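Down below is the structure, laid out as structure tokens.
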Amino acid sequence: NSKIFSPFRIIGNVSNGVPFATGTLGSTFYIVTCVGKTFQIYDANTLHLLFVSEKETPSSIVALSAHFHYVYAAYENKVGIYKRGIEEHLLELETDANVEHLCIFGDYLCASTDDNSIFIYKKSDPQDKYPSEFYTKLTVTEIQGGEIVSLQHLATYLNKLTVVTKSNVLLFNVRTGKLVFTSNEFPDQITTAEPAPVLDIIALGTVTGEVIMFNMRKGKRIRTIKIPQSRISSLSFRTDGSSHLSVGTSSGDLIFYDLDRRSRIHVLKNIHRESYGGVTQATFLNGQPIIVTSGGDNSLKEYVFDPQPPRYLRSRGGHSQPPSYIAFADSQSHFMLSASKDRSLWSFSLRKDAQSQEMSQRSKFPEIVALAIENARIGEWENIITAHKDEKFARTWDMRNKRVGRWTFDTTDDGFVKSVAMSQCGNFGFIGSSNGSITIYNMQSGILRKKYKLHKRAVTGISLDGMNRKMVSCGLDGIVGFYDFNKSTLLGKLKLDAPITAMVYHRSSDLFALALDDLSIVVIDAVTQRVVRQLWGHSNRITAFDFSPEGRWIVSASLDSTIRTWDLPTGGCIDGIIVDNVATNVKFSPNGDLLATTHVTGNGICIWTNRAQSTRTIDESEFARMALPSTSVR
């Protein structure tokens, strides 16, 4: 519908809080996470991205299970059966209820719904790849038990499904339909269940921090371990020889307990954010001393036990909150630098492996409010500058070692840093203060080189031409400053009619654009120091903007929930897109091929293909109402 941009894919998505599944991969295992309406499959021993489901489900995936080489994904009243990210079959349950839980075992598929029904599907022939024929519908009436919490199959329990509810534990024979067992009432609410590696035993977690070892055959407790003032969210048994139990909690802690020594081994504190559900799943890999953990904070971590407290091994993740600032890190379209209000700085790969890595800050730094990066001096010295909220100094980072750098750059006028910039050569860093000063630092030695004082209000933008001749600045005072870099002379001043909130400088054309509080975009020629164009159209605050690499276009985003393309030779809007999720950032790839956008909701970065590498006709309400790119692509 848009004439310029077509949705490509989304970067930086790992997990959303749905408990991940584990399956078999030849000799190794695979991990299935949820991203929303898409699942992703990783190798368990490398965390390499193996698959992503090729086609989005109509609604959000609620449950994931893996059985051999098949993934079962529940959404609405449906269960999708996938192999290699490709849907091989779709089960539509005869109900308007939603599927909540899944259990696949023997010739059976069991899917419980939110009205306490359990739909049972069966293989026609045992050598079928998956169950497909509806067999029966069980129901747990409120007298038989409480709300269904989990469906489990215990080892050697032929044709027998264990249905754990909030108040009790039931045993159904799914072949005959008979309820063969129902335990005594449990006093405290059951929240979690997990088959033990020995006969007849299932582990049950409660709302109170109790893990109960329950014997299904005799129908009695065998053991009850108390975890003080914790709410259990996951259980898993180690199975490599050591009789250990892991207990995840909603507060984000992972507790390791020795079943034989009856003592608390250890506790990994706050490995996942509590506000996102804490530990939503934690699983020991079968036969291995490795535990895989996840939460709703978009991370997937792996912990090992060396032949001793567990040691961090590897992990994959992205931001837990929407990205606040982004930038292309290089001209080969390899990495993107991305900052979020979760106080993290990440580098995301744009390539197929979807690799990513958080910038080491070696309790986090305050949230980033401005960002600049240049690839010129990578490996040689610091090449990233960040401004942080309410801090009077900018920090530096090293893109080579993915770690914070040596220098901090003070404003010198007791103001906060409100803008940062870098020379193309990578030799200089620029810092703009809330008190008006502009400071120029040496990226190699960290030394203060030069100081300018023109603005009397916050400097909201700074840049320097590719030849380091003329430096330009903007501020909330509505002033545009022009300075000689080699000396320190004020080359000129412009007074604009509204406060200026941001600047983007186009080095190959020496034009720079400014976002003003009057909702216009002002384009200025740095050589002539004159306004050459003014763009009017947006009906709300401008969030971001960028030049197309050639210099012909400017693309802008706004609170009005639009993304507009402006042709500079005419100053007219030649394309407009209406999104349902306001764009907070827009950046062109160094080469004109891609457009990166960040939005109010969503942890990732949207990639768009510029399919116009066009008419000059004006538009109005002919804007396209486009959706964001699919998480199922690539």
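Order determines the names: the first chain of the structure tokens is A, the second B, and so forth; residues in each chain are numbered 1 upward, and ligands are numbered 1 upward as they are shown.
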Shell around residue A:93 at 6 Å using only C-alpha atoms, local window under 2 positions removed, as a JSON list (two decimals) with N, CA and C atoms, in the first residue's frame:
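Dumped to around-v2.json:
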```
[["chain", "number", "residue", "atom", "x", "y", "z"],
["A", 77, "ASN", "N", -9.07, -21.96, 20.12],
["A", 77, "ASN", "CA", -9.57, -23.31, 20.36],
["A", 77, "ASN", "C", -8.82, -24.32, 19.51],
["A", 78, "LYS", "N", -7.57, -24.01, 19.18],
["A", 78, "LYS", "CA", -6.81, -24.79, 18.21],
["A", 78, "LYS", "C", -5.46, -25.28, 18.72],
["A", 95, "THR", "N", -15.22, -26.40, 20.39],
["A", 95, "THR", "CA", -15.56, -25.60, 21.56],
["A", 95, "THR", "C", -15.20, -24.14, 21.31]]
```
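Using only C-alpha atoms, the residues found no farther than 8 Å from stretch 336-349 of chain A, other than those of its own chain fewer than 6 positions away, are residues 11, 12, 318, 319, 320, 321, 322, 323, 324, 325, 326, 327, 328, 329, 330, 355, 356, 357, 358, 359, 364, 365, 366, 367, 368 and 402 of chain A.
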Polymer residues at most 7 Å from stretch 562-572 of chain A, only C-alpha atoms, same-chain spacing of 4 or more positions, as number ranges by chain: A: 533-535, 552-558, 576-579, 618
Pick out each residue of stretch 215-348 of chain A that DSSP on the backbone tags as strand (DSSP E or B); I need them as an mmCIF file with N, CA and C atoms, in the first residue's frame.
```cif
data_model
loop_
_atom_site.group_PDB
_atom_site.id
_atom_site.type_symbol
_atom_site.label_atom_id
_atom_site.label_comp_id
_atom_site.auth_asym_id
_atom_site.auth_seq_id
_atom_site.Cartn_x
_atom_site.Cartn_y
_atom_site.Cartn_z
ATOM 1 N N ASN A 215 2.877 -39.617 45.735
ATOM 2 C CA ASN A 215 2.820 -40.947 45.142
ATOM 3 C C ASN A 215 1.441 -41.195 44.542
ATOM 4 N N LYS A 220 -0.639 -40.679 48.430
ATOM 5 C CA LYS A 220 -0.208 -40.026 49.660
ATOM 6 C C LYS A 220 1.085 -39.252 49.464
ATOM 7 N N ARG A 221 1.324 -38.290 50.350
ATOM 8 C CA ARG A 221 2.588 -37.572 50.376
ATOM 9 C C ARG A 221 3.706 -38.533 50.746
ATOM 10 N N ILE A 222 4.897 -38.272 50.225
ATOM 11 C CA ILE A 222 6.082 -39.029 50.601
ATOM 12 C C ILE A 222 7.049 -38.074 51.286
ATOM 13 N N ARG A 223 6.965 -36.809 50.896
ATOM 14 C CA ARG A 223 7.932 -35.814 51.312
ATOM 15 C C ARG A 223 7.358 -34.431 51.046
ATOM 16 N N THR A 224 7.664 -33.478 51.914
ATOM 17 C CA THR A 224 7.281 -32.094 51.661
ATOM 18 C C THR A 224 8.391 -31.128 52.061
ATOM 19 N N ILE A 225 8.941 -30.445 51.063
ATOM 20 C CA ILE A 225 10.018 -29.489 51.265
ATOM 21 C C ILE A 225 9.451 -28.079 51.301
ATOM 22 N N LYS A 226 9.880 -27.282 52.271
ATOM 23 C CA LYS A 226 9.374 -25.921 52.394
ATOM 24 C C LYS A 226 10.389 -24.888 51.916
ATOM 25 N N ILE A 232 6.350 -20.748 43.998
ATOM 26 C CA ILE A 232 6.965 -21.632 43.022
ATOM 27 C C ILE A 232 6.322 -21.456 41.650
ATOM 28 N N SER A 233 7.158 -21.372 40.622
ATOM 29 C CA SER A 233 6.675 -21.189 39.262
ATOM 30 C C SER A 233 7.188 -22.280 38.326
ATOM 31 N N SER A 234 8.210 -23.013 38.759
ATOM 32 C CA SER A 234 8.744 -24.111 37.955
ATOM 33 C C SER A 234 9.506 -25.148 38.780
ATOM 34 N N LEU A 235 9.455 -26.393 38.323
ATOM 35 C CA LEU A 235 10.146 -27.497 38.974
ATOM 36 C C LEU A 235 10.833 -28.347 37.918
ATOM 37 N N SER A 236 12.036 -28.823 38.223
ATOM 38 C CA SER A 236 12.741 -29.738 37.330
ATOM 39 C C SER A 236 13.774 -30.555 38.089
ATOM 40 N N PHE A 237 13.852 -31.845 37.771
ATOM 41 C CA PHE A 237 14.818 -32.741 38.397
ATOM 42 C C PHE A 237 16.077 -32.896 37.554
ATOM 43 N N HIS A 244 19.345 -33.846 42.346
ATOM 44 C CA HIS A 244 19.062 -32.447 42.661
ATOM 45 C C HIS A 244 17.706 -31.988 42.120
ATOM 46 N N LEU A 245 17.126 -30.993 42.783
ATOM 47 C CA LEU A 245 15.868 -30.400 42.348
ATOM 48 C C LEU A 245 16.018 -28.895 42.159
ATOM 49 N N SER A 246 15.501 -28.391 41.043
ATOM 50 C CA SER A 246 15.464 -26.955 40.811
ATOM 51 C C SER A 246 14.052 -26.435 41.044
ATOM 52 N N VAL A 247 13.968 -25.276 41.686
ATOM 53 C CA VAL A 247 12.701 -24.627 41.982
ATOM 54 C C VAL A 247 12.766 -23.171 41.541
ATOM 55 N N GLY A 248 12.076 -22.858 40.450
ATOM 56 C CA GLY A 248 11.960 -21.484 40.001
ATOM 57 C C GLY A 248 10.877 -20.793 40.799
ATOM 58 N N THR A 249 10.981 -19.474 40.936
ATOM 59 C CA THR A 249 9.983 -18.697 41.663
ATOM 60 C C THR A 249 9.552 -17.478 40.857
ATOM 61 N N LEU A 254 16.189 -18.763 41.289
ATOM 62 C CA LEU A 254 16.254 -20.175 40.942
ATOM 63 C C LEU A 254 16.974 -20.945 42.039
ATOM 64 N N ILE A 255 16.238 -21.799 42.741
ATOM 65 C CA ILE A 255 16.782 -22.481 43.908
ATOM 66 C C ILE A 255 17.178 -23.925 43.614
ATOM 67 N N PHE A 256 18.401 -24.289 43.982
ATOM 68 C CA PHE A 256 18.881 -25.656 43.826
ATOM 69 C C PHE A 256 18.967 -26.359 45.174
ATOM 70 N N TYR A 257 18.327 -27.526 45.242
ATOM 71 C CA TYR A 257 18.151 -28.272 46.481
ATOM 72 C C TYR A 257 18.653 -29.702 46.312
ATOM 73 N N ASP A 258 19.436 -30.177 47.276
ATOM 74 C CA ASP A 258 19.935 -31.549 47.250
ATOM 75 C C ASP A 258 18.917 -32.469 47.913
ATOM 76 N N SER A 263 19.387 -30.536 51.870
ATOM 77 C CA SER A 263 19.851 -29.172 52.115
ATOM 78 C C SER A 263 19.797 -28.310 50.861
ATOM 79 N N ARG A 264 19.640 -27.008 51.068
ATOM 80 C CA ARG A 264 19.631 -26.047 49.977
ATOM 81 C C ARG A 264 21.040 -25.941 49.400
ATOM 82 N N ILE A 265 21.196 -26.315 48.135
ATOM 83 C CA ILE A 265 22.499 -26.244 47.483
ATOM 84 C C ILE A 265 22.865 -24.800 47.203
ATOM 85 N N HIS A 266 22.007 -24.109 46.459
ATOM 86 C CA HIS A 266 22.305 -22.728 46.090
ATOM 87 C C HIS A 266 21.051 -21.987 45.651
ATOM 88 N N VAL A 267 21.204 -20.708 45.322
ATOM 89 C CA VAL A 267 20.107 -19.921 44.769
ATOM 90 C C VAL A 267 20.604 -18.784 43.874
ATOM 91 N N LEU A 268 20.338 -18.915 42.578
ATOM 92 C CA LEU A 268 20.615 -17.860 41.619
ATOM 93 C C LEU A 268 19.597 -16.741 41.803
ATOM 94 N N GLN A 281 9.994 -20.592 33.367
ATOM 95 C CA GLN A 281 10.370 -21.973 33.091
ATOM 96 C C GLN A 281 11.852 -22.198 33.362
ATOM 97 N N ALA A 282 12.161 -23.335 33.973
ATOM 98 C CA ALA A 282 13.537 -23.731 34.235
ATOM 99 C C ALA A 282 13.628 -25.249 34.132
ATOM 100 N N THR A 283 14.461 -25.730 33.215
ATOM 101 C CA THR A 283 14.520 -27.154 32.909
ATOM 102 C C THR A 283 15.952 -27.666 32.839
ATOM 103 N N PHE A 284 16.245 -28.713 33.604
ATOM 104 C CA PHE A 284 17.491 -29.446 33.416
ATOM 105 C C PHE A 284 17.401 -30.208 32.104
ATOM 106 N N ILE A 290 23.196 -29.290 32.843
ATOM 107 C CA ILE A 290 22.842 -27.973 32.327
ATOM 108 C C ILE A 290 21.369 -27.671 32.563
ATOM 109 N N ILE A 291 21.095 -26.492 33.105
ATOM 110 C CA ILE A 291 19.725 -26.038 33.286
ATOM 111 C C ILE A 291 19.426 -24.811 32.425
ATOM 112 N N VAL A 292 18.339 -24.894 31.668
ATOM 113 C CA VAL A 292 17.911 -23.802 30.806
ATOM 114 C C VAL A 292 16.773 -23.044 31.476
ATOM 115 N N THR A 293 16.885 -21.718 31.531
ATOM 116 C CA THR A 293 15.916 -20.883 32.237
ATOM 117 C C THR A 293 15.378 -19.754 31.362
ATOM 118 N N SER A 294 14.152 -19.324 31.640
ATOM 119 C CA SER A 294 13.556 -18.224 30.894
ATOM 120 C C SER A 294 12.501 -17.485 31.701
ATOM 121 N N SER A 299 14.630 -13.133 27.713
ATOM 122 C CA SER A 299 15.936 -13.773 27.815
ATOM 123 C C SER A 299 15.849 -15.284 28.051
ATOM 124 N N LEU A 300 16.871 -15.981 27.574
ATOM 125 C CA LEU A 300 16.954 -17.427 27.616
ATOM 126 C C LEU A 300 18.363 -17.733 28.085
ATOM 127 N N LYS A 301 18.501 -18.187 29.325
ATOM 128 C CA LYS A 301 19.820 -18.372 29.919
ATOM 129 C C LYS A 301 20.156 -19.840 30.168
ATOM 130 N N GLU A 302 21.444 -20.159 30.175
ATOM 131 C CA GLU A 302 21.890 -21.519 30.436
ATOM 132 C C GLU A 302 22.943 -21.553 31.528
ATOM 133 N N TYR A 303 22.717 -22.413 32.511
ATOM 134 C CA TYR A 303 23.569 -22.491 33.680
ATOM 135 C C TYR A 303 24.149 -23.900 33.792
ATOM 136 N N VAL A 304 25.423 -24.008 34.171
ATOM 137 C CA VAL A 304 26.081 -25.313 34.292
ATOM 138 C C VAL A 304 26.555 -25.640 35.702
ATOM 139 N N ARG A 311 27.470 -22.037 37.399
ATOM 140 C CA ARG A 311 28.219 -21.030 36.659
ATOM 141 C C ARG A 311 27.535 -20.662 35.341
ATOM 142 N N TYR A 312 27.305 -19.371 35.119
ATOM 143 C CA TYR A 312 26.733 -18.901 33.853
ATOM 144 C C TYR A 312 27.522 -19.406 32.639
ATOM 145 N N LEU A 313 26.807 -19.987 31.681
ATOM 146 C CA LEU A 313 27.443 -20.619 30.532
ATOM 147 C C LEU A 313 27.265 -19.785 29.273
ATOM 148 N N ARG A 314 26.013 -19.595 28.873
ATOM 149 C CA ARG A 314 25.689 -18.815 27.687
ATOM 150 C C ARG A 314 24.239 -18.380 27.785
ATOM 151 N N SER A 315 23.841 -17.425 26.952
ATOM 152 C CA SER A 315 22.453 -16.986 26.930
ATOM 153 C C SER A 315 22.156 -16.215 25.661
ATOM 154 N N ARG A 316 20.873 -16.048 25.374
ATOM 155 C CA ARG A 316 20.459 -15.158 24.303
ATOM 156 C C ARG A 316 19.288 -14.305 24.754
ATOM 157 N N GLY A 317 19.195 -13.093 24.223
ATOM 158 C CA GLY A 317 18.154 -12.185 24.654
ATOM 159 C C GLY A 317 18.100 -10.897 23.864
ATOM 160 N N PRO A 323 12.814 -0.491 22.630
ATOM 161 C CA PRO A 323 14.044 0.263 22.379
ATOM 162 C C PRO A 323 13.739 1.751 22.350
ATOM 163 N N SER A 324 14.595 2.546 22.979
ATOM 164 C CA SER A 324 14.402 3.986 23.019
ATOM 165 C C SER A 324 15.236 4.681 21.950
ATOM 166 N N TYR A 325 16.436 4.169 21.693
ATOM 167 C CA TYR A 325 17.294 4.793 20.684
ATOM 168 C C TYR A 325 18.064 3.757 19.882
ATOM 169 N N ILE A 326 18.171 3.954 18.573
ATOM 170 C CA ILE A 326 18.909 3.003 17.744
ATOM 171 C C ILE A 326 19.865 3.684 16.772
ATOM 172 N N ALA A 327 20.797 2.905 16.233
ATOM 173 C CA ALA A 327 21.711 3.400 15.211
ATOM 174 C C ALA A 327 22.343 2.229 14.472
ATOM 175 N N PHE A 328 22.545 2.371 13.168
ATOM 176 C CA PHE A 328 23.335 1.387 12.438
ATOM 177 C C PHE A 328 24.804 1.562 12.812
ATOM 178 N N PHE A 335 25.720 -4.831 12.253
ATOM 179 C CA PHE A 335 25.140 -4.632 13.578
ATOM 180 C C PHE A 335 24.308 -3.364 13.715
ATOM 181 N N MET A 336 23.366 -3.415 14.648
ATOM 182 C CA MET A 336 22.635 -2.244 15.088
ATOM 183 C C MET A 336 22.892 -2.070 16.576
ATOM 184 N N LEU A 337 23.114 -0.832 16.989
ATOM 185 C CA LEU A 337 23.254 -0.492 18.391
ATOM 186 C C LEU A 337 21.886 -0.020 18.866
ATOM 187 N N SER A 338 21.473 -0.483 20.040
ATOM 188 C CA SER A 338 20.112 -0.248 20.502
ATOM 189 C C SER A 338 20.046 -0.066 22.013
ATOM 190 N N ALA A 339 19.409 1.014 22.447
ATOM 191 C CA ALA A 339 19.238 1.308 23.859
ATOM 192 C C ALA A 339 17.758 1.337 24.226
ATOM 193 N N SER A 340 17.466 0.910 25.451
ATOM 194 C CA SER A 340 16.098 0.789 25.936
ATOM 195 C C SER A 340 15.954 1.363 27.341
ATOM 196 N N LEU A 345 22.254 -1.557 26.903
ATOM 197 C CA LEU A 345 22.754 -1.188 25.585
ATOM 198 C C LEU A 345 23.101 -2.491 24.881
ATOM 199 N N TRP A 346 22.490 -2.738 23.727
ATOM 200 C CA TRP A 346 22.654 -3.999 23.013
ATOM 201 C C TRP A 346 23.198 -3.802 21.605
ATOM 202 N N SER A 347 23.893 -4.816 21.106
ATOM 203 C CA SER A 347 24.233 -4.873 19.693
ATOM 204 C C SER A 347 23.530 -6.080 19.078
ATOM 205 N N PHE A 348 22.678 -5.813 18.094
ATOM 206 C CA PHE A 348 21.917 -6.856 17.424
ATOM 207 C C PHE A 348 22.451 -7.069 16.015
#
```
For residue A:620: contacts at 10 Å, only C-alpha atoms, fewer than 5 positions along chain excluded, given as a PyMOL selection string: chain A and resi 537+573-576
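Proximity ranking of A:352, A:149, A:207, A:296 relative to residue A:36 places A:296 first, based on only C-alpha atoms.
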Contacts of residue A:5 at 8 Å (only C-alpha atoms; same-chain gap of 6+ positions) as number ranges by chain: A: 595, 608-612
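Atom CA of residue A:631 lies 8.9 Å from atom CA of residue A:54.
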